[PDB]
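Lettering follows sequence order; numbering is per chain, from 1.
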Amino acid sequence: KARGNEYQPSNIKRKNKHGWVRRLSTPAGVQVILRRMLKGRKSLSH
Amino acid sequence: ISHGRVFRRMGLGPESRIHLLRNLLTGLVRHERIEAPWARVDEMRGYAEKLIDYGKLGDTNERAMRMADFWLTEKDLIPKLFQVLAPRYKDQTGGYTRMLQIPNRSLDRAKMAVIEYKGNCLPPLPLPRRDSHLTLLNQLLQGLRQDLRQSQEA
Amino acid sequence: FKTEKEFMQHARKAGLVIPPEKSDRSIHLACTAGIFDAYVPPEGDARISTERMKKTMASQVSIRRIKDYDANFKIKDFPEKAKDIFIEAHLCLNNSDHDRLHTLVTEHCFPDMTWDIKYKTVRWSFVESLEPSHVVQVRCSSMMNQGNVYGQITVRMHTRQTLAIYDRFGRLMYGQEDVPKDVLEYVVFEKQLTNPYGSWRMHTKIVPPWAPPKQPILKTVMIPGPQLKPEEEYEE
Amino acid sequence: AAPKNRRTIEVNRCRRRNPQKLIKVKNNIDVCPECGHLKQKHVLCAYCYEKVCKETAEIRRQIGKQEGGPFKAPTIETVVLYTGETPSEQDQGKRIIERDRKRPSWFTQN
Amino acid sequence: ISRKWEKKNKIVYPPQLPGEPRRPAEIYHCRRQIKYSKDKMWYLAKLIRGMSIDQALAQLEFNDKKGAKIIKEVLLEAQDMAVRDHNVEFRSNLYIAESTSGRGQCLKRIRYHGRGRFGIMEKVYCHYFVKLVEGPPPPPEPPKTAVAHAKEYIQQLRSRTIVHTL
RNA sequence: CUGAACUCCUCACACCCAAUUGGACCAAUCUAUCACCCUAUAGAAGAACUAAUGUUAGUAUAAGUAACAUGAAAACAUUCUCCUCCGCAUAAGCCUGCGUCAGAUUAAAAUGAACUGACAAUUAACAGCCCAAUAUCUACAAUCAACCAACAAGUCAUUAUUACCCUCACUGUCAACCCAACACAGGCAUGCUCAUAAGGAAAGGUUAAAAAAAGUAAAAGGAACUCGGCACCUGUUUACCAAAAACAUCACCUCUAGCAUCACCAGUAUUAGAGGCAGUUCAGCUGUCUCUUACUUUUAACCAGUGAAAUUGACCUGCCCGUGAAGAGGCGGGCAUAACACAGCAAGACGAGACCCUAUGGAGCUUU
RNA sequence: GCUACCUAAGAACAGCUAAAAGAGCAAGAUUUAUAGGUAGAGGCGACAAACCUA
RNA sequence: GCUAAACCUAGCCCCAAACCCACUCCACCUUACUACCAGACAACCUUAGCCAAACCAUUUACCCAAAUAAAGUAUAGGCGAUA
Ligand SMILES: [K+]
Ligand SMILES: [K+]
Ligand SMILES: [K+]
Ligand SMILES: [K+]
Ligand SMILES: [Mg+2]
Ligand SMILES: [Mg+2]
Ligand SMILES: [Mg+2]
Ligand SMILES: [Mg+2]
Ligand SMILES: [Mg+2]
Ligand SMILES: [Mg+2]
Ligand SMILES: [Mg+2]
Ligand SMILES: [Mg+2]
Ligand SMILES: [Mg+2]
Ligand SMILES: [Mg+2]
Ligand SMILES: [Mg+2]
Ligand SMILES: [Mg+2]
Ligand SMILES: [Mg+2]
Ligand SMILES: [Mg+2]
Ligand SMILES: [Mg+2]
Ligand SMILES: [Mg+2]
Ligand SMILES: [Zn+2]
């Protein structure tokens, strides 16, 4: 019956899923950081 | 259609209506002069008059005490009713309260009234006063009245 | 709140800590606030037309200081010079010649002369001079900030003037356009003796208490009585 | 139902400026004799009423001090006495409220 | 924005000659950025048009609308300004020459709808303009009489020319 | 006799066909050279907008409409009426988000303030943050664990020797709070309270029209008139009284497999995996109905504050008949007709609102 | 971080018949917090061809 | 009379010429920006589909060092498109 409440915030999940260490863990994630660095993102990751 | 419907619909329903009037009546007895929306003061005025009549029955009267107990939420007022208000009006047969419209209140522009128990200590309200007898129109009518006396005497 | 104390009292109650400012630059004043030594006009002076020695001596001391800064200064010439400055200053009012008026009057005098007549029409004329103007007093200030020394000369002027002030709509509100009237005025003139470009300019007028009341205004006025709140009762 | 067409300003002025929409001029306004302020004929003067309420509030504050608590309504009548006044023989055996003020001219001792 | 109304009081007229009839004083006053809709304000501005200063103040005093108090303050300020700064003799000798409302600078706010649509709500402001003229209120033009109607109709008949001919 | 843009007459004469083509001219802009109150000759180009289901901005219409909000009196101290659906705490989340001062900012509200500026604040004992090595030890559930019982077979344990003298750091600690929805529509773990000692206010004011929503009462009748009232095991599913079917599944059946160090499985044919499995009637009660009526609340309408959206070629926006007309407010004939709010209505305008074939297009999935 | 299934280690469930425990009225093929796993030629599915943050 | 209108700069574009960048202190691959414990995971592998052939089934393009010319020639190609 609830709508639009997909987000159930969890800091452990947020860091583990999208964190800095997670991004560096694989080459694709490292390229994610590189793209954001190129674009000049203020936040490269969570 | 509301032909012959003497009572107003107020608050959240019948029971809420009585409680709203009871709270206004309780405030009037304690303070002897309150100001509230005109329609609510007008609706409560009848109960204010009748409450004095029950007070005249006396505290010994069981039915009167039951009425005062229900209508007066603050119990210290019950002695005031029987021992102060009722004796004050012992001579009068009615007209215990006076109700006057006051300016609309600022917030919601509601029509407002002031109601008091006649004979309270508080400073007198600026009652409306009829024109002086000494005015030009009243003097012409005073002369006419005097002549009708002479004609009636003859 | 207009006062500065109330402003800084409001500022401390608002936590708006305004730091003060120190700079080499400061406001440069070309004149003074008021008269250095007020010259009380002897009562009955208008009627006519050891203390005197002591007062005259003070003028002799002051006139020496004025001569020091400008040697080619004659007190005898000043009454004629002051009369010309007085007439020219007032003529500027007729045509709102403010930039010219600034040369003839000090920054203390200028607001008083022109503020009230900003949206009015003034017609003023100097008809005649009844008796010659003479320098009643001469004073000079002591050394002030920025090494500014000022000299103030009071000139008594008895003249016949004509004044007609119209309102913003062209309607006469004061005076008569052509009728000459007699006016006795004591006019103080000031000069910044230190400034290499200072000149004698009208500073202020002296109004003695014995002075006769001025011409009545045309329109009637209502002075309102105390506006009292409901609780407050009027008291005679 | 959605509007079929935009209403023109010409039509809207006729609607908005129709006499039925205009504020009616009031003819029951008058001048209060006591204070000289404006009032409506059937309504108490706002200036005079506030004056009574102000004094009434001070008296009620004085009544509160004497009672000194809730549910302490007295069983006797109350009389207000201003500075320079003494209890009357009629006003005897009654709760006395003392006001640090001169009796207002409109408030007349009975 | 435009602020011409404020500058009208600064006009200075040449001194009148004795023959000329005394020119009535004119006072212009307004209040900017009132928190009220010009549409609602228009009815209040309309009501006092042509009234005397005292009659306008009386009507506004007993008006329930929020704009009435705002206009009343502007009128009191204009009355005080007239006597003090514009050389008006009697404060009561003033009438409402012009009274209008104008659209102010409005603020747009993010608002919401019951189905989750995104909306812009405007916070409305307005201006109130008043012009006071010295003198009694000009008498209202009387109703057109039957005699006036007949004169107009006969005049129209008399103005008829033979159309489309020599 | 009337009656065209035909023809004549006075004058003028290249000046009424889409696309398309050909020949001239030209707004503004820039450049070269002129010019010098806005021009000329040329060169150039992001070079001209009533026709857009186009983009951005401004402002209208709908509309001051829909909609929104504050229990009562008072001395503003306090008391009264009513609600409780909760409340307090922890966890998680959140991150200074109704403390003081000030404000010209803000909520319907020029005290309040959750907005702005300044100032202050949550103090460890609770909680988080742990541990020397090597070998070795660890068959007996829980359920008041005792008795009687089981089956799905279970959160709870060491010793030996070596090594080691030191101390209370660091971090969380505030709030009216989160994920949402934008009428709480809703969601939200644990402990305690089990009706509150904690927490709250349904009514801005008025009136008491219709229509609408909810509730209550209802003569006589009691489903009448209405698609249809109310009273081979097990498990999920849409629906809900539910029925039905589907799937799952105990049992049953066939099918494949003789084996181990990542699933099956730390298993071994009594195993593992893959398939199939074919209550009415009656009686009784009811505003459902005959057939509706009354009252309360909400809405409503009026006053005050605040204040949306879809929609809108323009609009000075009538009826009848005719016109393809049951395609006419706008055309033909006739009739009607001073102007202009408010509340209703839903016949029309107008709007909110599947199927077809076609295109030398796809994608699943099915194979002959 | 939704949802489906699964893994680890947790948690919750009044009374009433109450032998039998069971969606009986009102303890289970139940519900639920936390962390983790399976990813689009795919995953997952008591299979709606559904669901996998519209 | 309001609402508004009006503006000339901030910078930017295309070339030319020259081969650029970056260790105050402290912190930062663990849940980055977290002073301080026996590691061990290690990178290398045809681009594809498709603009088109008016479908599509082989078939067409995006780089390898001098403007021009040889030349859209030799040549390849459902010898079609096209290259
Ligand atoms: K927070
Ligand atoms: K009935
Ligand atoms: K028709
Ligand atoms: K309709
Ligand atoms: Mg022809
Ligand atoms: Mg173009
Ligand atoms: Mg409408
Ligand atoms: Mg409404
Ligand atoms: Mg409500
Ligand atoms: Mg501890
Ligand atoms: Mg705490
Ligand atoms: Mg409580
Ligand atoms: Mg409420
Ligand atoms: Mg109500
Ligand atoms: Mg209401
Ligand atoms: Mg019945
Ligand atoms: Mg039937
Ligand atoms: Mg039956
Ligand atoms: Mg019916
Ligand atoms: Mg309204
Ligand atoms: Zn009065």
Side-chain angles (χ1 to χ4, degrees), chain A residues 1-17 19-25 27 44-46, chain B residues 1-2 5 8-14 16 19-20 22-24 26-28 30-31 34-40 73-74 104-105 107-111, chain C residues 10-11 13-17, chain D residues 1-12 14-16 18-21 57-65 70-71, chain E residues 1-2 4-5 30 35 37-40 64-66 69 98 100-106 111-117 119-124 126-127 129:
Chain A
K1 63 164 87 170
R3 300 190 300 280
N5 67 322
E6 288 69 51
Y7 189 57
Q8 301 305 312
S10 165
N11 284 278
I12 291 162
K13 282 172 170 287
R14 175 177 69 82
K15 292 295 207 157
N16 286 348
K17 293 165 175 314
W20 182 258
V21 181
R22 182 75 176 255
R23 295 280 188 250
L24 301 192
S25 74
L44 302 180
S45 74
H46 281 264
Chain B
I1 307 163
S2 51
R5 302 300 181 199
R8 277 173 265 245
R9 292 153 65 185
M10 312 190 325
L12 320 170
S16 173
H19 289 201
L20 282 163
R22 172 167 67 179
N23 282 331
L24 289 179
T26 290
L28 176 57
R30 171 174 307 284
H31 305 290
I34 63 169
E35 97 197 344
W38 187 98
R40 292 172 202 204
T73 57
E74 293 145 29
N104 296 333
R105 60 168 181 208
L107 296 187
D108 49 15
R109 319 303 307 176
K111 188 182 175 192
Chain C
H10 178 268
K13 281 172 185 178
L16 178 75
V17 174
Chain D
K4 180 181 156 77
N5 295 101
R6 174 180 180 280
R7 290 204 289 207
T8 59
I9 185 55
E10 289 83 27
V11 166
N12 293 345
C14 288
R15 184 182 63 265
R16 297 161 181 168
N18 186 64
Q20 186 260 38
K21 306 253 179 173
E58 283 306 327
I59 290 169
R60 276 164 177 176
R61 276 182 282 264
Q62 283 312 287
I63 284 169
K65 257 171 275 298
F71 318 124
Chain E
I1 62 186
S2 165
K4 313 184 86 216
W5 203 255
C30 58
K35 180 74 194 83
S37 66
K38 66 174 155 62
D39 306 321
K40 292 168 203 184
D64 290 301
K65 297 172 181 296
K66 168 188 173 179
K69 292 163 78 196
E98 299 182 353
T100 65
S101 74
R103 188 187 188 276
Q105 273 187 303
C106 299
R111 181 64 187 96
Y112 280 125
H113 296 82
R115 306 179 169 184
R117 295 182 181 176
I120 286 175
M121 169 188 68
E122 76 164 1
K123 298 298 304 186
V124 72
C126 70
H127 303 321
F129 308 87

For [X], side chain to side chain contact (heavy atoms under 4.5 Å, CB included) partners two or more places apart:
| X | result |
| --- | --- |
| E/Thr100 | E/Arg49, E/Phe129 |
| D/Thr8 | D/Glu10, D/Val11 |
| E/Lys65 | D/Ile23, E/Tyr36, E/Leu44, E/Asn63 |
| A/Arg23 | A/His18, A/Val32, A/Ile33, A/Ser45 |

Counterpart residues, salt bridge (charged side-chain N to carboxylate O under 4.0 Å, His left out), relative to [X] (two or more places apart):
| X | answer |
| --- | --- |
| E/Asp39 | none |
| B/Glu35 | none |
| B/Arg30 | B/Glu74, B/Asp76 |
| E/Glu122 | E/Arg103 |

Of the nucleotides [options], which has the atom closest to the [X] side chain?
| X | options | result |
| --- | --- | --- |
| B/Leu24 | G/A54, F/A72, F/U79 | F/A72 |
| A/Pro9 | H/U3, F/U306, F/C178 | F/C178 |
| A/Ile12 | F/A107, G/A35, F/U79 | G/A35 |
| E/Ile1 | F/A75, H/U3, F/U206 | H/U3 |
| E/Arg103 | H/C2, F/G71, F/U61 | H/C2 |
| A/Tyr7 | G/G1, F/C295, F/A72 | G/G1 |
| B/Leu107 | F/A109, F/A72, G/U53 | F/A109 |
| A/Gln8 | G/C2, H/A32, F/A203 | G/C2 |
| B/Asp108 | F/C76, F/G204, F/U207 | F/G204 |

Are there any protein N/O atoms within less than 3.5 Å of an N/O atom in nucleotides 81-84 of chain F, and if so, which ones and at what distance?
{"unit_1": "F/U81", "atom_1": "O4'", "unit_2": "B/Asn23", "atom_2": "ND2", "d": "3.4"}
{"unit_1": "F/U81", "atom_1": "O3'", "unit_2": "B/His19", "atom_2": "ND1", "d": "3.1"}
{"unit_1": "F/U81", "atom_1": "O2'", "unit_2": "B/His19", "atom_2": "ND1", "d": "2.9"}

F/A217: north vs south, judged on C1'-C2'-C3'-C4'
north
Using atom [atom1] in both nucleotides, what's the gap between [N] and [M] to the nearest angstrom?
| N | M | atom1 | result |
| --- | --- | --- | --- |
| F/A242 | F/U249 | P | 26 Å |
| F/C147 | F/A135 | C1' | 45 Å |
| F/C126 | F/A91 | P | 14 Å |
| F/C129 | F/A189 | P | 25 Å |

Any chance you could lay out the side-chain contact (heavy atoms from CB on, under 4.5 Å) test for E/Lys66 and E/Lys35, step after step, and finish with the verdict?
CA-CA 10 Å; E/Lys66 168 188 173 179; E/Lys35 180 74 194 83; 4.1 Å; yes
Pair partner, [N] [Watson-Crick or wobble, under 3.5 Å]:
| N | result |
| --- | --- |
| F/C331 | F/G322 |
| F/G191 | F/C88 |
| F/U358 | none |
| F/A301 | F/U206 |
| G/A8 | G/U34 |
| F/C119 | F/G99 |
| F/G172 | F/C126 |
| F/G215 | F/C295 |

Check the pair D/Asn18, D/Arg15 against side-chain contact (heavy atoms from CB on, under 4.5 Å), reporting the backbone distance first and the verdict last.
CA-CA 6 Å; D/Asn18 186 64; D/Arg15 184 182 63 265; over 6 Å; no
Report all interatomic pairs (protein N or O, nucleotide N or O of nucleotides 311-319 of chain F) with separations under 3.5 Å.
{"unit_1": "F/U311", "atom_1": "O2'", "unit_2": "D/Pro3", "atom_2": "O", "d": "2.5"}
{"unit_1": "F/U312", "atom_1": "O2'", "unit_2": "D/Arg6", "atom_2": "N", "d": "2.8"}
{"unit_1": "F/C315", "atom_1": "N4", "unit_2": "D/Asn5", "atom_2": "OD1", "d": "2.8"}
{"unit_1": "F/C316", "atom_1": "OP1", "unit_2": "D/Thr8", "atom_2": "OG1", "d": "2.7"}

Listed range with range, the stems formed with RNA chain H by at least 3 consecutive Watson-Crick or G-U pairs (under 3.5 Å) are none
For [N], glycosidic torsion class - syn if within 90° of 0, otherwise anti:
| N | value |
| --- | --- |
| F/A260 | syn |
| G/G40 | anti |
| F/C295 | anti |
| F/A242 | anti |
| H/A54 | syn |

Nearest whole Å is fine: how far is F/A72 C1' from B/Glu74 CD?
11 Å
Evaluate the side-chain contact (heavy atoms from CB on, under 4.5 Å) criterion for residues B/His19 and B/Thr73: first the C-alpha distance (whole Å), next the side-chain angles of each, then the deciding distance (0.1 Å), finally the verdict.
CA-CA 10 Å; B/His19 289 201; B/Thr73 57; over 6 Å; no
When you look at NZ of C/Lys13, are more than 12 heavy atoms from neighbouring residues, nucleotides or ligands closer to it than 6.0 Å?
no
Using OP1 and OP2 only, check whether a side-chain N or O of B/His31 sits under 4.0 Å from F/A75.
no
Check whether any side-chain nitrogen or oxygen of D/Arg16 sits under 4.0 Å from OP1 or OP2 of F/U61, and answer yes or no.
yes
Using a 4.0 Å heavy-atom cut-off, does E/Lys40 contact any base of the nucleic acid, only the sugar-phosphate backbone, or nothing at all?
base
Any chance you could list the contact pattern along nucleotides 181-186 of chain F? Use B for base contacts, S for sugar-phosphate-only contacts and - for none, protein heavy atoms under 4.0 Å, 5' to 3'.
SBS-BS
